[PDB]
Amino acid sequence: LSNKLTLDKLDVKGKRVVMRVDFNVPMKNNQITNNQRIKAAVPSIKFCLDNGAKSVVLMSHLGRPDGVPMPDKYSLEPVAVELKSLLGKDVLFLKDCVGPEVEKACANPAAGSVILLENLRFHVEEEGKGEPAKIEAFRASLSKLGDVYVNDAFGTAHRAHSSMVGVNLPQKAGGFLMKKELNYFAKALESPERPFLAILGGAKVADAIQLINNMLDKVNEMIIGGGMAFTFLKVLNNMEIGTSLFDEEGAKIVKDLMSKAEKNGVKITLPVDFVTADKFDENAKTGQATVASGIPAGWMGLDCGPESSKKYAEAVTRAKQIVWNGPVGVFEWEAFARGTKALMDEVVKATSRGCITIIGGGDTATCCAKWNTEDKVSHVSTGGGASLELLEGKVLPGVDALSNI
């Protein structure tokens, strides 16, 4: 951020600050399961208040509600409650993020007010698909809520969404989390230790598969696990995959991606066995399957199996640097957590013999919290997809949109 305004050089005295944060925290049974992303924004929030900000208005998305209000399922209200404990200060929750009523609440706040808006993605204009004049009007509303703008939303920095690139105020500054994360990755990606292994898993398959092409120019090995594997195995092995996650669009490029991995000398490790479930539920009936057996109709693969764990461990043993986004199964549910646990054990062991290990993402970082490995890997990042986009070599949109020095 040498070329961008950052919060350390932003005059906030007497100013209303509107701040984009990544408060897309994991939720299970309606409780926040990891406050990592909230805690990570506290240094920028506190700095603003300590240096005399009139207000700090916080805005984020939660989940993928796709432009419809879903306060029953994706409200940020619980985050407001959690932010209070972590700050040592109260925070006021608004039930929308734009327009007359919100604008009134943010126009002239009492000194030191902290305000959290509702889920930005309840509006189609944030993404904005799920309309140009409506997008403009949305951006104009958000811009009224502060006098200056800070973006500390590292985990969302890969998204060219309205709150991330479309706020129109004279000074748009990077926050301290944005700076911390970009600095770590700048150093870690400049001359990676090799072999450099990317571990790709998770559930955002369509997006993740689109990152592989450029990542194949940077890494020496790739594990393709979690929900992503099934698209590859269906195409390459003609494997029956039942109701497992599948990306029809990404399927069309699987063979080209494997061709490019061969050309670039990147070893691809896919799973060979699975823990299956008869429905997407913590208490599903479970089974086992191999690539050769296929997965039965009406069943889904929700974890890898033991032979896959062995292959993943072999890649980890070869690695001198690892970047991991996306668990290799539904680790939130114990029936489907063994694969991710075993891989975490390997990654912690690797760190202890000098591997540089980077784990990132809202859910993937929660694996570190669950198994108490946050200080047993090199870096746990608030960005997952955002971090993979840095690995590709891009300038993230949320950084590009900041004010130039």
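Numbering starts at 1 and follows the sequence shown.
Peer 1: Look at the stretch from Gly130 to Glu131 and count the residues of the deposited sequence that the entry does not model, then pick none, 1 to 3, 4 to 9, or 10 or more.
Peer 2: 10 or more residues lack coordinates between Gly130 and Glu131.
Peer 1: Name the higher of the two by mean Cα B-factor in the PDB entry, 208-216 versus 86-94.
Peer 2: Looking at the record's C-alpha B-factors, the answer is 86-94.
Peer 1: With respect to the recorded C-alpha B factors, which stretch has the higher mean value, 368-376 or 32-40?
Peer 2: Stretch with the greater average CA B-factor: 368-376.
Peer 1: Just the C-alpha B-factor column, please: which of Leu388, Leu396, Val25, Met19 has the biggest number?
Peer 2: So the option with the highest C-alpha B-factor is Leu388.
Peer 1: Which one of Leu189, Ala251, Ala203, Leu197 shows the top CA temperature factor in the record?
Peer 2: Largest recorded C-alpha B-factor: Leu189.
Peer 1: If you rank the chain by CA B-factor, which third does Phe176 end up in: lowest, middle or highest?
Peer 2: Its C-alpha B-factor, which the entry lists for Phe176, ranks in the lowest third among residues of this chain.
Peer 1: According to the PDB entry, is the CA B factor of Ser113 in the bottom, middle or top third of its chain, that is, lowest, middle or highest?
Peer 2: Its C-alpha B-factor belongs to the middle third of this chain's values.
Peer 1: Can you tell me whether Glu307 has a C-alpha B-factor in the lowest, middle or highest third compared with the other modelled residues of the same chain?
Peer 2: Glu307: CA B-factor falls in the lowest third of its chain.
Peer 1: Thinking about Cα B factors across the chain, which third does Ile359 belong to?
Peer 2: Bottom third by C-alpha B-factor.
Peer 1: Taking the entry's C-alpha B-factors for this chain, is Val79 in the lowest, middle or highest third?
Peer 2: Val79: CA B-factor falls in the highest third of its chain.
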